[PDB]
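K.L.:
Structure provided below as structure tokens; questions to follow.
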Amino acid sequence: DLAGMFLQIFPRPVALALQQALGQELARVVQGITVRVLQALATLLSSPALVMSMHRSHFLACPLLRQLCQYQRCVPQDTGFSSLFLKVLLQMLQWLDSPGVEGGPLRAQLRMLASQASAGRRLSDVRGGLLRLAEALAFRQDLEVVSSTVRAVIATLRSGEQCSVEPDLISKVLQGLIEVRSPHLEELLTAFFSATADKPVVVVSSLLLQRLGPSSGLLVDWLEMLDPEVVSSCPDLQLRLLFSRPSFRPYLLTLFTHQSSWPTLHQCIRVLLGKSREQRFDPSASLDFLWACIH
Amino acid sequence: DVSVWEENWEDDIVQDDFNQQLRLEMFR
Amino acid sequence: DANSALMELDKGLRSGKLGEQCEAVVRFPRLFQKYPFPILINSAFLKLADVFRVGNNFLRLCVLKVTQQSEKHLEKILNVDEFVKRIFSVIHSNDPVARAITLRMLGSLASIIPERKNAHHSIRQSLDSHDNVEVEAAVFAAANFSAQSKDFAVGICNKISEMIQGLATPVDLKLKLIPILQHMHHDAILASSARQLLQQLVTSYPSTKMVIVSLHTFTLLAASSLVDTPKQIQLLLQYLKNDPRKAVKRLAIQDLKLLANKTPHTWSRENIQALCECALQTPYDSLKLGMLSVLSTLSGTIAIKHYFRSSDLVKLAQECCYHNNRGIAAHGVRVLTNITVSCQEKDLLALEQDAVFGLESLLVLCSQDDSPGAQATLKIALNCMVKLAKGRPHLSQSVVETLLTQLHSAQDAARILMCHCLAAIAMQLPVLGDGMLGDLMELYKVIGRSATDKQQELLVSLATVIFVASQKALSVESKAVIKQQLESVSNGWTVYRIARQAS
Amino acid sequence: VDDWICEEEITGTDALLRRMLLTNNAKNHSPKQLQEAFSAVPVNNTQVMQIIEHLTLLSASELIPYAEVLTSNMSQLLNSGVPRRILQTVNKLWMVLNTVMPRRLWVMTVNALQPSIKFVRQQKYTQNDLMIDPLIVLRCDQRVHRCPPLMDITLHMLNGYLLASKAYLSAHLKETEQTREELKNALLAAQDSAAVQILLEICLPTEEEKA
Amino acid sequence: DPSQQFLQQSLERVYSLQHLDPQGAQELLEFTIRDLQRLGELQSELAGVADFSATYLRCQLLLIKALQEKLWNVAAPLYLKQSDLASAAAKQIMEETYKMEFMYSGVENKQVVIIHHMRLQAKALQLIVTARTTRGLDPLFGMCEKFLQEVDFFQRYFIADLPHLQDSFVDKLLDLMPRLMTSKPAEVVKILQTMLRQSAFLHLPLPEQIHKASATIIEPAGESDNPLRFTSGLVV
Amino acid sequence: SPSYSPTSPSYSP
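Residue numbers (this note's numbering), protein chains in the order written: chain A, 139 to 433; chain B, 70 to 97; chain C, 144 to 646; chain D, 354 to 564; chain E, 3 to 238; chain F, 39 to 51.
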């Protein structure tokens, strides 16, 4: 039978035969009883234990879950089967949540599979995910929740269209993301600067003008990418970036010297020399810039 | 690079003159 | 002869039409290979330097190609001063391409005439020139001379620092200018000053290209100057965890792999713990694959012994051993195999069977698709099988049993590789002959109609493992083997190799 | 020598960046993707900038499929407001392509810089038309006379075709002859001096520059 | 100076990991030897102490390589010299201990007792292998009594340094020196070989200032031909 | 010669 084997092995040759069978039927799938075994295990586990029985024998169980996930990845068309596997993963997470069991390969594997499955699906709308992420980052907790919602946001953006932008929201969201130092920050920036444009350079410039240790290079690369003449868009922001009273200032200065049109530099030097009240621009940066422009 | 059987006689794909000549003279 | 050939080449040189001159000049290195006689080499290079001095820039370019190809024969130059003196004269030409070819010439000759101070001065003056080709040639020559001269390296490090920190220097020139610093491994204070400069570079120029170039050349410099290796390792780990860019993380992985390949013993427990934390934390499977490759490289060496029961490395390797991706699983189970075969603590006894069933899963995963990546992962797993059966011989019965149960269903290439693995295991312990011999024999029957390409090699490997399994005489079995050969092989080379293994 | 000396190694920094920056499936930046990015009527200089800035990492061989899209679109780069970064990068890519497919590149770059008076503006110059008369290179658009990267492209092509004409007339003279030497030398000298004179007249400030 | 710190940390790295598998121990040994040679190449000030410690580490590496050879598993009649590495290892470590003692300047008594101890280990290994190659009892008695006299001369010379050689090979020899002369020579070979295998690896305290002596012939200079012409028998 | 400035250091063979 099927349920008998799981109530036998978890609390050995039968496991080898079962795993070989799953491998052969997956070979049949890729060339062109997994549903039955998944239904049998779901019925066994919903019914009254077994999860802690196989917790000490994760070496026999974890490859089976990998095989089932490979089946799901091979063919996503068979919904219901995939959904039942997702429910089984949630049930495994919920039942195993007793903290006394300590860490394990099975626990982390189920967590990885659940995170992947949540990543696979798409969210309904960009705005709802953005508001959820802003709230989650504002609460300064639940890093896995923050990871899940940025995954949903990236999924909807890479499978979406021109939605509302709400610049102050995006500035605060990205400030929170760099503060918590997300791993999906570059992916998110790529996702929502590829489209959904209505002033990305203003967002990047405002973020940089605001401390920003590791992610400053990413933003610097970004406004080098989308602001070629550097001070072309919103000139006052870039003027106070390049000349004011920072770390990446020499890099941006080099870009502005060797990358901008001659009218741009002419207007810049007229600005630097036409301020009759300011003392706002740095003397050092302005003088080095003038010397660089001459030479 | 990586090898399963460290001491394997079939590893050498391009062989010495004796085995090359014997191979060509028998691979038919 | 030697003289005859040299005379012919000189005749081609004087020809005055550019085609024959270029033909002769590029014909020179073949002459050097023909007759490596130092009198001929010296006279020939003197003629080459003379045509270099007076002759258009394309001829000089051909001469530069010759000097780059004939770098070894430069050691056999006696009249070095005259040769360089007439090469060096064209640095005063107002033509920047001629100056560029001259700077590249001096760069090619940095091995034989370092510490020629006028040449150093020409590199230094040409560095801040206006023509772009002259500046690049000066950069290349500076790289060569810094690799050769300590005096030049210490003299030029300050110029390079003020050139990067200079603002008229564009970004691409800065990028070409940074990796001169990998040649500052002549001195301890020199290396320390260069390290300080590189730190200033990454903080003040945080672009992806420039941080990549700077932190990669800093890695090479710390690799050569061994004193800075631990702080380089901790800088790379810090950048791997902190810097969000995938290109920066990929570089951190690749050059940490370089460091772990050359000085694994200098890796500390803190570094391995930090790398394991990074691997557990990352969501990107390519990054996880890369730093797990680094972990497997470390675990192959003594660094695991320095690392030491349960820890983040063990949790990592158990977690990643059953990964969906095949490469992460292969590397994680290699890490498990190395830890298992290294130590003999009492907690490891639970770890070995985890490793064994991980290898089992890798066999079930990688034995069907026949992709080249599948072949790579299968080779990794099978080499691990061989390793932990040789190193932990009490665990070989289960290894061979899963190999037998899987040999029926695997594809032909996987069958070849598993037969090689099984042959190694059987050669290393003799107590399993008749049984497994019968199973491989009943497998041998169905080999006559497998495929057309891998059938021969599969037959060779299967007969080989049959012979290793056997330790006695067989008559009806030999009849079956011979009948199979006559029926399906009809080649002989397979029969000859099988007979070789039988002998 | 300039088309050859650029092949020379400075450090190998570009080898390192090609190794590191090219793996994350960035080859999806197809030539037709670049063409779509160019032909978009809001221009979207960010997109084309991104595409070509990825293209610099490609070796000269694999840049060849991108040759037509970035030559034929280069007349669009003459328009005002095109950032210097794109012009310099297109110059670098053209200089790279000049090392592998120079004759085809020059022929199809001359056609890309015609003034666009007509509907096609005679997009039919070939190697032979430019070899008999290299001054067609200076018959290009008015606007490249103040577009220094495109001016550099034009000067490279002009120098190349001056030398090509020098060789071509010798080849044709040998073929026809089966005096003329003086006529050939005078033609080459007058052609070169006319090229120099046209270049000097480009250097002059036009009355618009007087303002 | 981080160069000095790297030197000291490399030495304590190899000292602290003496418990490794002989394969891993050999890997650590040659890694440290390569590191110390490169360090001597880098900085000229520490070239002397780098060369000193590198030579001592090479001695230990050769001893470890010799002791783990497949020459002790087989019996005496099956001994072969063509595959022998232990005699070459013994000669090499013997010469290296001489070089270490005399070439380098700035040697105090602690360095000398460490070098003499390693020399004694070398002599013991040579005695073991020469017992392996021979069967007559006169050579065994001869070199065994000479070696025990050498041990006595050592322990007499270094009475003050004995309380610092803790867990050392000589400390194990001193536990059995009055009684070893009673036992049969084959058992003496067995006991000294066994207790040589598990003997500790001795820390080598560095001097404050030390250099390797060096000589540079300049006047002959080996330039080229045009040999020295002189008449036969007479002097040039 | 066109390739050398008049004030350049002269080359003595």
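Backbone N, C-alpha and C fix where the C-beta goes; we use that ideal spot for every residue, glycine too.
1. Using the beta-carbon count (16 or more within 10 Å), is C/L252 buried or exposed?
2. What residues from chain E crowd round C/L369, counting only those whose CB sits closer than 8 Å?
3. With a threshold of 9 Å between beta carbons, is C/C464 in contact with chain A?
4. Put C/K219 into one of helix, strand or coil per three-state DSSP.
5. Sort E/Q7, E/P4, E/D3 and E/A27 by Cα distance to C/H449 and report the nearest one.
6. Looking at the unbroken alpha helix (DSSP H) that takes in C/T245, where does it start and where does it end?
7. Kindly give me the distance between the Cβ atoms of C/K190 and B/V71, rounded to whole angstroms, as I take these residues to be in contact under 8 Å.
8. With 9 Å as the threshold, decide whether the Cβ of D/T399 is near any Cβ in chain A.
9. C/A365 and C/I323: beta carbons closer than 9 Å?
10. Among the candidates C/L550, C/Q549 and C/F500, whose CA atom is the shortest distance from the CA of C/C527?
11. Is the distance from the Cβ of A/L269 to the Cβ of A/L327 below 9 Å?
12. By a C-beta neighbour count over all protein chains shown, 10 Å radius and 16 as the cutoff for buried, is A/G267 buried or exposed?
13. Can you look up B/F96 in the DSSP assignment and give me helix, strand or coil?
14. Less than 9 Å between CB atoms is the rule here; does D/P502 satisfy it with respect to chain A?
15. Just verifying my parser: in three-state terms, what is the DSSP assignment at C/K597?
16. Step through the CB atoms of chain E and report whether any lies within less than 9 Å of the CB of residue 101 of chain C.
17. Straight-line CA distance for A/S262 to C/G470?
18. When Cβ atoms are compared, which residues of the region 409-426 of chain A fall closer than 7 Å to chain I?
19. According to DSSP, is C/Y450 helix, strand or coil?
20. What residues from the region 447-458 of chain C come within 7 Å of chain A, judged by C-beta to C-beta, listed N to C?
21. Given a threshold of 16 other Cβ atoms within 10 Å of its Cβ, counted over all protein chains shown, does D/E528 qualify as buried or as exposed?
22. Out of curiosity, what's the CA-to-CA distance linking C/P349 and A/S320?
23. So, A/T402 versus A/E367, is the Cβ gap smaller than 9 Å?
24. Closer than 8 Å is the cut-off here; do at least three beta carbon pairs connect the region 57-77 of chain E with the region 114-132 of chain E?
25. On the three-state DSSP scale, how would you describe residue 99 of chain A?
26. In the DSSP assignment, what are the bridge partners of E/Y106?
27. Which term fits B/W74, buried or exposed, when burial requires 16 or more other beta carbons within 10 angstroms of its beta carbon?
28. Do you know how far the Cα of E/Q11 is from the Cα of C/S236?
29. Note the first and the last residue of the continuous alpha helix (DSSP H) segment covering E/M183.
30. Going by CA-CA distance only, name the one from E/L41, E/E97 and E/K112 that's closest to E/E210.
31. Can you give the Cα-Cα distance for C/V278 and C/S269, rounded to whole angstroms?
32. Three or more beta-carbon pairs under 8 Å between the region 415-426 of chain C and the region 435-450 of chain C, yes or no?
33. Using the rule of at least 16 other Cβ atoms within 10 Å of the residue's Cβ for burial, across every protein chain shown, is C/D596 buried or exposed?
34. Buried or exposed: where does D/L557 fall if 16 or more other Cβ atoms within 10 Å of its Cβ makes it buried?
35. Exposed or buried, which one is residue 11 of chain B when buried takes at least 16 other CB atoms within 10 Å?
36. Tell me which residues of the region 367-398 of chain D have at least one Cβ-Cβ distance to chain A shorter than 8 Å, keeping chain order.
P.N.:
With the structure as the only source:
1. Position 109 of the third sequence, counted from the start, is the residue given in the question as residue 252 of chain C. Counting Cβ neighbours within 10 Å, C/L252 comes out buried, since at least 16 surround it.
2. On the third sequence, residue 369 of chain C is found 226 positions in, with the first residue counted as 1. Those are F8, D37, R40, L41 and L44, listed as they occur along chain E.
3. Along the third sequence, one-based indexing puts residue 464 of chain C at 321. Between C/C464 and chain A, the shortest Cβ-Cβ separation is below 9 Å.
4. Here the question's residue 219 of chain C lines up with position 76 in the third sequence. Under the three-state reduction of DSSP output, C/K219 falls in the helix class.
5. As a working mapping, residue 449 of chain C is identified with position 306 in the third sequence. Nearest Cα to C/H449 within the set E/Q7, E/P4, E/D3 and E/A27: E/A27.
6. The sequence position of residue 245 of chain C within the third sequence is 102, counting from 1. Looking at the DSSP string, the run of the alpha helix (DSSP H) that includes C/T245 is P239 to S251.
7. For the purposes of this step, residue 190 of chain C is taken as the residue at position 47 of the third sequence. For the purposes of this step, residue 71 of chain B is taken as the residue at position 2 of the second sequence. The Cβ separation is near 51 Å, so there is no contact.
8. In the fourth sequence, residue 399 of chain D corresponds to position 46, counting from 1. Answer yes: the Cβ-Cβ gap between D/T399 and chain A drops below 9 Å somewhere.
9. By 1-based counting over the third sequence, the position of residue 365 of chain C is 222. By 1-based counting over the third sequence, the position of residue 323 of chain C is 180. Result no, Cβ atoms of C/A365 and C/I323 do not sit closer than 9 Å.
10. Looking up residue 527 of chain C in the third sequence gives position 384. Here the closest residue by C-alpha is C/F500.
11. On the first sequence, residue 269 of chain A is found 131 positions in, with the first residue counted as 1. On the first sequence, residue 327 of chain A is found 189 positions in, with the first residue counted as 1. Pairing A/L269 with A/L327 gives a Cβ-Cβ distance that is not under 9 Å.
12. Your numbering for residue 267 of chain A matches position 129 in the first sequence. Within 10 angstroms of the beta-carbon of A/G267 lie 16 or more other beta-carbons, which makes it buried.
13. The residue given as residue 96 of chain B occupies position 27 in the second sequence. For B/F96, the secondary structure class from DSSP, reduced to helix, strand or coil, is strand.
14. For this step, residue 502 of chain D is matched to residue 149 along the fourth sequence. D/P502 does not count as touching chain A.
15. Position 454 of the third sequence, counted from the first residue, corresponds to residue 597 of chain C. Coil, per DSSP.
16. What is shown of chain C runs 144 to 646, which leaves residue 101 of chain C out entirely.
17. Position 124 of the first sequence holds residue 262 of chain A. Position 327 of the third sequence holds residue 470 of chain C. Going by C-alpha positions, A/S262 is about 34 Å away from C/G470.
18. The structure shown contains no chain I; its protein chains are A, B, C, D, E and F.
19. For the purposes of this step, residue 450 of chain C is taken as the residue at position 307 of the third sequence. If DSSP states are grouped into helix, strand and coil, C/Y450 belongs with the helices.
20. In summary, the residues of the region 447-458 of chain C whose CB is separated from some CB of chain A by less than 7 Å are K458, in the order they occur in the chain.
21. Counted from its first residue, the fourth sequence places residue 528 of chain D at position 175. Looking at its Cβ environment, which holds fewer than 16 other Cβ atoms inside 10 Å, D/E528 is exposed.
22. Position 206 of the third sequence, counting from 1, holds the residue named residue 349 of chain C. Position 182 of the first sequence, counting from 1, holds the residue named residue 320 of chain A. Taking the Cα positions, C/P349 is about 19 Å away from A/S320.
23. Taking the first sequence and counting its residues from 1, one reaches residue 402 of chain A at position 264. Taking the first sequence and counting its residues from 1, one reaches residue 367 of chain A at position 229. Their beta carbons are under 9 Å apart, which means A/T402 touches A/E367 by this criterion.
24. The region 57-77 of chain E vs the region 114-132 of chain E: in contact.
25. Here chain A covers residues 139 to 433 and nothing more, so residue 99 of chain A does not appear.
26. The residue you call residue 106 of chain E lines up with position 104 of the fifth sequence. Answer by DSSP bridge pairing, in chain order: E/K214.
27. On the second sequence, residue 74 of chain B is found 5 positions in, with the first residue counted as 1. The residue in question, B/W74, is buried, as its Cβ has 16 or more Cβ neighbours within 10 Å.
28. Residue numbering aside, residue 236 of chain C sits at position 93 when the third sequence is read from its first letter. Residue numbering aside, residue 11 of chain E sits at position 9 when the fifth sequence is read from its first letter. Rounded to whole angstroms, C/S236 to E/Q11 spans 54 Å at the Cα level.
29. Stepping through the fifth sequence from its first residue, residue 183 of chain E is reached at position 181. Note, E/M183: premise wrong, no alpha helix (DSSP H); not H, not E.
30. Residue mapping note: residue 210 of chain E aligns to position 208 of the fifth sequence, counting from 1. Ranking E/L41, E/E97 and E/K112 by Cα distance to E/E210 puts E/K112 first.
31. In the third sequence, the residue the question calls residue 278 of chain C occupies position 135. In the third sequence, the residue the question calls residue 269 of chain C occupies position 126. Going by C-alpha positions, C/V278 is about 6 Å away from C/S269.
32. Verdict: yes, contact present.
33. Within the third sequence, numbered from 1, the residue matching residue 596 of chain C stands at position 453. C/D596 is classed as exposed because its beta carbon has fewer than 16 other beta carbons within 10 Å across all chains shown.
34. Position 204 of the fourth sequence, counted from the start, is the residue given in the question as residue 557 of chain D. Around the beta carbon of D/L557, fewer than 16 other beta carbons lie within 10 angstroms, which makes this residue exposed.
35. An answer regarding residue 11 of chain B cannot be provided, because it is not within the stretch 70 to 97 covered by chain B.
36. Cβ contacts with chain A: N398.
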